[PDB]
Amino acid sequence: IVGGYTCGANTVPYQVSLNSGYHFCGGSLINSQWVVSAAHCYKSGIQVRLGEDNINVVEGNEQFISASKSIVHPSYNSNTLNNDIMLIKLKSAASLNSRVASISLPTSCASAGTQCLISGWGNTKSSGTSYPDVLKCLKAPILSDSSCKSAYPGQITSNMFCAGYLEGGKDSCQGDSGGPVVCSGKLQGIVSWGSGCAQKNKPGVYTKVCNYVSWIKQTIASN
Ligand SMILES: CNC(=O)[C@@H]1C[C@H](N2CCc3c(ncnc3OCCC3CC3)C2)CN1C(=O)c1ccc(CN)c(OC)c1
Ligand SMILES: [Ca+2]
């Protein structure tokens, strides 16, 4: 997160860190045994880390649970990132508490101007690199689809939205992908891609979760 602020420990209790010996992606807890992340985060040997604040320190509220099954969206395209969403089932249920809590799925799609909370452990610099270890937060609005498509001609699909600031300075960045975009208590987005971080006219691009709620619910109910 570039241009954000320190969330505060366990203030984003649905935020997870996906760890394969190191933090590689964010995710969102959606019930005790399932996490939503980006399909581009798919890999073997995932451990889901819940209840984290500083990812380099065991502070006493963490739960570490291995993934048992990963389900990449049936239509995910790795060349274009269309349908950039995946479900991860945990080997055992997380114990739900004040520090480890699920986030609601949308019941409808959110609009341009809706304010959201984006969070993650990614790079905090727009030029060069610095990783914060504690969770960072950013308040950002959803941008109109026309400004998103104009910023990224030929690359934005009906399954994506832009959020952030066209003037630059505030954005998600390397190591935030897979993590949450939450608006009025609903997981509307997944951190997906962009061109650089916090550059003018290059806002972050996010998977449009509302289009996937039917698939998420059906997949969870059958697995
Ligand atoms: C260490 N983790 C990372 O670096 C991940 C990998 C992810 N990338 C996306 C493109 C892509 C991937 N995997 C196959 N193909 C990819 O792109 C192919 C081209 C299609 C049009 C996207 C995976 C971008 N990452 C971010 O954390 C990130 C988050 C937010 C922003 C917004 N400023 C950002 O901006 C550059 C980057
Ligand atoms: Ca921690």
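Within each chain the numbering goes from 1 in written sequence order, not necessarily matching the entry, and residues lacking coordinates are not shown. Throughout, the order in which chains and ligands are written sets their labels, letters from A for the former and numbers from 1 for the latter. Only heavy atoms go into the side-chain values, all of them from the structure, while hydrogens and water stay out.

Method of determination, as given in the entry header: X-ray crystallography; reported resolution: 1.12 Å.

In the nomenclature of the PDB entry, the protein corresponds to Cationic trypsin from the organism Bos taurus. The record for the entry shows the title "Trypsin inhibitors for the treatment of pancreatitis - cpd 15". The Subunit comment attached to the protein in UniProt states, word for word, "Interacts with SERPINA1." UniProt positions are given in the numbering used here, feature names are shortened, and annotations may be inferred rather than shown by experiment. If you open the UniProt record of the protein and go to Subcellular location, you find "Secreted, Extracellular space".

Peer 1: With reference to specific residues and values, describe the coordination of the calcium ion (ligand 2).
Peer 2: The rule for donors is simple: N, O or S, within 2.8 Å of the metal, or within 3.2 Å if the metal is Na, K or Ca. Water isn't counted, so a site may look like it is missing partners. Around the calcium ion (ligand 2), the protein contributes the donor atoms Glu52 (OE), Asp53 (N), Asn54 (O), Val57 (O), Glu59 (OE) and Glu62 (OE), at 2.4 to 3.2 Å from the metal centre. Each label reflects the angles at the metal, where four donors whose angles all fall between 85 and 135 degrees are tetrahedral, four or six donors whose opposite pairs open beyond 155 degrees and whose other angles stay between 65 and 115 are square planar or octahedral respectively, and the rest are irregular. Around the calcium ion (ligand 2) sit six donor atoms; with metal-centred angles ranging over 60 to 152 degrees, the donor geometry is irregular. Look at where the donors of the calcium ion (ligand 2) fall in the sequence and you get E-D-N-x2-V-x1-E-x2-E. The class of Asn54 is buried, set by a relative accessible area of 16%. Residue classification places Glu59 among the partly exposed positions, given a relative accessible area of 45%. Buried residues are those whose accessible area, probed at 1.4 Å on protein chains only, stays under 20% of the maximum for their type, while exposed residues exceed 50% and partly exposed ones sit between those limits.

Peer 1: So what about the site of ligand 1? Which residues, and what values?
Peer 2: Here a residue is considered near a molecule or strand provided that any single heavy atom belonging to it is located within 4 Å of it. In the vicinity of ligand 1, 20 residues are found, and the nearest of them are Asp171, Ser172, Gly175, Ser177 and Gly196. Here a nitrogen atom of ligand 1 and a backbone polar atom of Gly196 are 3.0 Å apart. To qualify as a helix, a DSSP run of H or I must reach at least 4 residues; to qualify as a strand, a run of E must reach at least 2; elements of each kind are numbered from the N terminus. Element by element, the count of residues in the shell around ligand 1 is highest for strand β12 (residues 186-193), at three residues. Two N or O atoms form a polar contact when they lie within 3.5 Å of each other; inside protein one atom must be a possible hydrogen donor and the other a possible acceptor, and for residues adjacent in sequence the pair counts only when both atoms belong to side chains.

Peer 1: Can you break down the pairing of strand β8 (residues 115-120) residue by residue, with the values?
Peer 2: Judged by how many residues are buried, β8 sits mostly within the fold: five of six residues are covered. Any two strands with at least two DSSP bridges between them are considered paired. Alignment of β8 against strand β9 (residues 136-141), held across six bridges, turns out to be antiparallel. Note on β9: the bridge partner recorded for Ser119 is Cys137. With two bridges connecting them, β8 and strand β11 (residues 180-183) associate as antiparallel partners. Looking at β11, one finds that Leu117 is bridged to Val182.

Peer 1: Residue-level account of the pattern of salt bridges, with values.
Peer 2: Salt bridge, as used here: a side-chain nitrogen of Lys or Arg that lies within 4 Å of a carboxyl oxygen of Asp or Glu. In this structure the tally under the stated criterion is one salt bridge. Residues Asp145 and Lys149 are paired through a salt bridge, measuring 2.8 Å at the closest nitrogen-oxygen approach. Of this pair, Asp145 and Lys149 are both found in helix α1 (residues 145-151), four residues apart, which corresponds to roughly one turn of the helix. A relative accessible area of 38% places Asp145 in the partly exposed class.

Peer 1: Explain the domain arrangement of the protein residue by residue, including any values.
Peer 2: Delimitation of the domains relies on an automatic or database domain assignment. When the domains of the protein are assigned, the result is domain 1 (1-12 + 103-210) and domain 2 (13-102 + 211-222). Look at where the C-alpha atoms of domain 1 and domain 2 centre, and you get two points 18 Å apart. Each partner contributes residues to the interface: domain 1 has 37 residues there, and domain 2 has 38 residues. Two parts lose some accessible area (1.4 Å probe) when they are put together, and adding that loss for both gives the buried area. Between domain 1 and domain 2, a total of about 2900 Å² is buried, with carbon and sulfur atoms accounting for 55% of that surface. Area buried by domain 1 at its contact with domain 2 is led by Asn10, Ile103 and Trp121, which between them contribute 26% of it. If you look at where domain 1 meets domain 2, you find zero salt bridges. Summed over the shared surface of domain 1 and domain 2, the number is 25 residue pairs in polar contact. Throughout, a residue-residue contact means that at least one pair of heavy atoms, one from each residue, lies within 4.5 Å.

Peer 1: Help me get a handle on the sheet that holds β8, residues and values and all.
Peer 2: Here seven strands make up an open sheet; going across it, the order is β1-β9-β8-β11-β12-β13-β10 and the pairing antiparallel. Of all the strands in the sheet, the pair left with one neighbour each is β1 (5-6) and β10 (160-163). Across two bridges, the pairing between β1 and β9 is antiparallel. Opposite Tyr5, over in β9, you have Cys137 as the bridge partner.

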